[PDB]
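Top line first, the protein sequences correspond to chains A and B. So the first sequence is residues 235 to 268, 272 to 291, 303 to 503, counted in UniProt numbering. So the second sequence is residues 234 to 267, 273 to 286, 301 to 489, 493 to 502, counted in UniProt numbering. Positions of the beta carbon are idealized from the N, C-alpha and C atoms, including for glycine. For reference, the structure discussed in these notes is given below.
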Amino acid sequence: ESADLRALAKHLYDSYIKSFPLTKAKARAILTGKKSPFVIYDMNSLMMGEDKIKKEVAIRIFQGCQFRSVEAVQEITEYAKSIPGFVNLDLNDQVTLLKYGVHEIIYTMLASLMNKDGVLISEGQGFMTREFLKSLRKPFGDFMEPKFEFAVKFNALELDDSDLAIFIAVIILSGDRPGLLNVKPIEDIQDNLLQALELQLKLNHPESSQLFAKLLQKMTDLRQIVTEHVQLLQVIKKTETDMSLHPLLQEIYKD
Amino acid sequence: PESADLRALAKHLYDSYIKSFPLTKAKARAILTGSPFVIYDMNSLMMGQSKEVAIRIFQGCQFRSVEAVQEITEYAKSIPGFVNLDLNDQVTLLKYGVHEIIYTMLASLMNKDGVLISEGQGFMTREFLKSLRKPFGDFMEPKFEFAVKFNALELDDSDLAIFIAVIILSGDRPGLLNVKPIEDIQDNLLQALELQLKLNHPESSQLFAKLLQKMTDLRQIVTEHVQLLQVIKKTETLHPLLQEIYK
Ligand SMILES: CC(=O)NC[C@H](Cc1ccc(OCCc2nc(-c3ccccc3)oc2C)cc1)Nc1ccccc1C(=O)c1ccccc1
């Protein structure tokens, strides 16, 4: 079965590259200055970068994150279809799996695009500093800090895209999502994905003790990030009466 | 290339096809021949503003067609040389090839009176499909038209496994980056397909040619299916995640 686990791992990695244009290997190539990004760290550079790469600074930064999230949901959906068993599950659950999964997966892969100092934007054409993202006005104060704090700790695991491909498959196939109708089909798929992640982790990181365990523990951090963000969204929703949330994201958010 | 190698290629493709496609032509034909539950009627579908039946049947086809795409994708990975192709080209070959393959294989579930549904457990008649209000009665009928002509060739699963591989490795899909290796592989599969058909159907003259002529007909069906599929976004309009799964 060992070889069947390796074939699973090879397969998901294949679909991962096919579904997400900006990989972790590409992000790190751009980040670790070998493709150099334009750097947005203030108002004038944000607007200079609207020319050069791509008060209302917060809204532009809002919609730019909405754009990429909608886009991200679409990639994640593409990828889910490739996971063996997914498209054979009950449709209502396939939807439930995505509704809940995409949040968690988005911060996982957002880590790939982050370092200590900032975050890659516009498929790596841009780089926005962590500081500039703290500077925004205060329904949006430090909305990004907890994602940077997670990235810092998650990135020190030193996962690569082939590790990530399996980890996010495991995330999608969570049997504890609320409202799932048939938990057992989902859990059996996850079991095989977990088996494959275990082998992959040991093979790709032989001198990295309990990497499997340590990666699963990061779900605690992931979910707590999810929760605070929904709380920030609502504060906005009450006070940004004229602002707009995309219908795909609307659907993903309504608990 | 040697007949042994083409026989080996032939047999290799049949193996993968049997692993990737649970409901085979042969199985489908066993079921078809004189049970599964028959849907001939509005009350038999019912007994077998939220949503009109025609849309729910449309929806269910999209679900099943998404399952077909994953079976076909997995089968492609087994074609010698496919996974060594450039990755963008594997996506492009699949993107354009899956519809043609879906309608090819749908013929395996069809006779002139209906189609097998739900893993062979059901049978929706042809006439019931036609009953459906515009443009919903007009989506399956062309497929039945093709199926009946197609099934007259009496291909089996072993034949189909190679024909399917030939469709995927089409060098003329828009946006291919490196056509040569795709045509190279397709030539090999055609080589194999031609020997398969002479050996499997020795009394069936120019089957090879006749089969290739049907690749033409499948492109017409795919093209016009789109022109029905756009008369649908048009007059038939939401739950975004769902729409995203079937983009
Ligand atoms: C599932 C899901 O929707 N999850 C919530 C989702 C998670 C997220 C967060 C950051 C991120 O950065 C990508 C890199 C990024 N790209 C830009 C960019 C690009 C072009 C122009 C300007 C800026 O800025 C950043 C930080 C990607 C995804 N967040 C949002 C999703 C929808 C709408 C808004 C948000 C916000 O984060 C937000 C930001 C400011 C004010 C209000 C809200």
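Can you tell me the Cα-Cα spacing of residue i and residue j, whole angstroms?
| i | j | result |
| --- | --- | --- |
| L441/B | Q479/A | 57 Å |
| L368/A | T377/A | 9 Å |
| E235/B | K260/B | 32 Å |
| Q458/A | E406/A | 13 Å |
| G312/B | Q448/B | 35 Å |
| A359/B | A404/B | 10 Å |
| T344/B | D248/A | 14 Å |
| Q322/A | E499/B | 7 Å |
| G372/A | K252/A | 18 Å |
| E455/A | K466/A | 20 Å |
| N281/B | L497/A | 38 Å |
| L361/A | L384/A | 20 Å |
| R425/B | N336/A | 28 Å |
| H494/B | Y501/B | 11 Å |
| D436/B | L464/A | 45 Å |
| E352/A | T487/B | 37 Å |
| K258/B | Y250/B | 11 Å |
| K462/B | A243/B | 19 Å |
| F315/B | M284/A | 44 Å |
| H453/B | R308/B | 41 Å |
| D503/A | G427/A | 11 Å |
| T489/A | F460/A | 44 Å |
| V474/B | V483/A | 48 Å |
| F254/A | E319/B | 21 Å |
Return the chain-ordered list of same chain residues with a C-beta closer than 6 Å to the C-beta of residue i, the five sequence neighbours on each side being excluded.
| i | result |
| --- | --- |
| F275/A | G286, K289, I290, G374 |
| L246/A | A413, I414, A417 |
| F334/B | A328 |
| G349/A | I419, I420 |
| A306/A | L384, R385, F388 |
| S330/A | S249 |
Taking DSSP as the reference, what is the three-state secondary structure of residue i?
| i | result |
| --- | --- |
| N363/B | strand |
| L368/A | strand |
| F391/A | coil |
| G423/A | coil |
| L429/A | coil |
| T266/B | coil |
| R471/A | helix |
| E455/A | coil |
| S282/B | helix |
| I484/A | helix |
| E235/B | coil |
| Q342/A | helix |
| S249/B | helix |
| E406/A | coil |
| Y348/A | helix |
| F254/B | coil |
| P332/B | coil |
| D503/A | coil |
| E323/B | helix |
Going by alpha carbons, who is nearest to residue i out of the options?
| i | options | result |
| --- | --- | --- |
| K485/B | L412/B, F310/B, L339/B, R425/B | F310/B |
| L256/A | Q438/A, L429/A, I354/A | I354/A |
| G267/B | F415/B, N363/B, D338/B, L381/B | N363/B |
| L470/B | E488/B, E446/B, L497/B, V400/B | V400/B |
| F396/B | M357/B, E371/B, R316/B, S330/B | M357/B |
| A237/B | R262/B, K386/B, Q443/B | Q443/B |
| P433/A | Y501/A, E446/A, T468/A, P332/A | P332/A |
| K386/B | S360/B, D365/B, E304/B, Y348/B | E304/B |
| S370/A | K272/A, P454/A, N452/A | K272/A |
| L451/B | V483/B, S410/B, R425/B, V431/B | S410/B |
| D365/B | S317/B, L384/B, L265/B | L265/B |
| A241/A | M467/A, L445/A, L496/A | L445/A |
| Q472/A | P426/A, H453/A, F398/A | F398/A |
| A263/B | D408/B, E319/B, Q301/B, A320/B | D408/B |
Would you list the one or two residues that DSSP bridges to residue i?
| i | result |
| --- | --- |
| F275/B | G374/B |
Apart from the five residues just before and just after residue i, which ones in its own chain have a Cβ nearer than 8 Å to its Cβ?
| i | result |
| --- | --- |
| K382/A | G389, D390, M392, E393 |
| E476/A | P394 |
| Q438/A | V418, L421, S422, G423 |
| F402/A | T356, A359, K466, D469 |
Taking 7 Å as the limit between beta carbons, can you name the residues of its chain near residue i, skipping five residues before and five after?
| i | result |
| --- | --- |
| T325/A | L346 |
| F380/B | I277, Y278, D279 |
| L429/A | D338, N340, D341 |
| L239/B | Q443, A444, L447 |
| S317/B | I354 |
| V431/B | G423 |
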